[PDB]
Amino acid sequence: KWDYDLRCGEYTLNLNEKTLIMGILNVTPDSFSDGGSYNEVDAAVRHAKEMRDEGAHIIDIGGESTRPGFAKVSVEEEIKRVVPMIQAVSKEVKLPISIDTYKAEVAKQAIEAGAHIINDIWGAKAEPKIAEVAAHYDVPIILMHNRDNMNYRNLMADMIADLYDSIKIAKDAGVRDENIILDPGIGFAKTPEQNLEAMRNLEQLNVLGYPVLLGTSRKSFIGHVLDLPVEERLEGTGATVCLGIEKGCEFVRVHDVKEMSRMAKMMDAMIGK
C-alpha cells in the first residue's frame, strides 16, 4: 500500500509491516525550576524507557502549552522545559521523537535538540511558519484537524476540506508529500456525537492519500459513552484503537502502551497487515 518508508533521520519507519505505536510523554514540571531539573527530566527518561520496553515506536513529547493542560506560557519558557527533555530522551532512548507543538519556534528548537517529527494540533493554521520549519529540516509533520467554531454543514466533508487547507499550507511551504501525516483530531472542535460520527467514517480520510494517525487515548467522549472517569478508559480507548486500525490508520497515539501494543498486534494479524 505505501511505496515509501517514513524517513526520520537516523530512524526509518515501515508503514506496511505493523501499526505504529506513538507513546505519549507529558512533562511533569518541578516546583522550583523553569526546566531541565534532574527530577523532571529523569521522570521523562524513565517513562520513555518503559514505553520503549512495552512496544512504542515513537515517543511524543509535550510541554506545558500543549494538551492536556493548554497552559499560557511564552515561547522562551516553553523552550527551557522542552529542550532538556528532548536532549536526554533522544540520547538515552533509541526511538524517533515527536514534538507536540503548534508554535514554529518551539518546533525549530526541538528539532535542533534532537526531535524527528512535528506533531501540530492546529495543522499549520495557528502559525503557518511551522510548515517552513518542517520543510527546511525535511522532517515529517502531522497535521491535525482543528477549528475555532463547531458549525459543520457536513462533518466528514468539512473535516476533509479543512485538512486539505492544511495540506495546501504545508505543500506551499515546500513540505514533500512523503512528509505529511494527517490526524482527524478526535476530541477537538467536536461534540461527543460528532466524535462518534468521525470514528464511524474514519476510512473516508484515506481518499486524501496520506498516512493517518489516530489519537483517541483517554478522551472525554469515551467517558461520555461509558460514564467512566479518565483512569477507567483503557477498554474504551482499546475499542477506538481497534476500529481505527480496521479503518486503515497507520499510527495510534496512546498513553497505555503495553495494552494498546498487544491490541494493535492482534488487529494487524487479523486484517493481514
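We call the rigid core the largest set of C-alpha positions that still match within 1.5 Å between the two forms. The first residue of the shown sequence is 1; numbering continues from there.
Q: Which stretch is more displaced from the shown form in 8 other deposited structures of this protein, 151 to 159 or 74 to 82, with RMS over structures and residues of Cα positions after a rigid core fit?
A: The more displaced stretch in 8 other deposited structures of this protein turns out to be 74 to 82.
Q: Superpose on the core, then say which of 255 to 263 and 18 to 26 ends up with the larger RMS Cα offset from this form in 8 other deposited structures of this protein.
A: So, of the two stretches, the farther one in 8 other deposited structures of this protein is 18 to 26.
Q: Do a third or more of the other compared entries leave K49 out of the model?
A: It is not, since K49 is included in all of the other entries that model both flanking stretches.
Q: Is it true that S33 has no coordinates in a third or more of the other entries in the comparison?
A: Yes.
Q: Comparing 66 to 74 with 40 to 48, which has the greater mean CA B-factor as deposited?
A: If you average the C-alpha B-factors of 66 to 74 and of 40 to 48, the larger mean comes out for 66 to 74.
Q: Do the CA atoms of 144 to 152 or those of 164 to 172 have the higher mean B-factor in the entry?
A: Comparing averages over the C-alpha atoms only gives 144 to 152.
Q: Taking the chain's C-alpha temperature factors as the reference, tell me which third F32 falls into: lowest, middle or highest.
A: Highest third.
Q: For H116, does the deposited CA B-factor place it in the lowest, middle or highest third of the chain?
A: Tercile = lowest for this residue's CA B-factor.
Q: Split into thirds by Cα B-factor across the chain's modelled residues, where does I222 land: lowest, middle or highest?
A: Middle third of the chain for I222's C-alpha B-factor.
Q: Using the B-factors in the PDB entry, rank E10's C-alpha atom against the chain and give the third, lowest, middle or highest.
A: Answer is highest: the recorded C-alpha B-factor places it there.
Q: For the chain shown, is the CA B-factor of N179 in the lowest, middle or highest third of its modelled residues?
A: Its C-alpha B-factor, which the entry lists for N179, ranks in the lowest third among residues of this chain.
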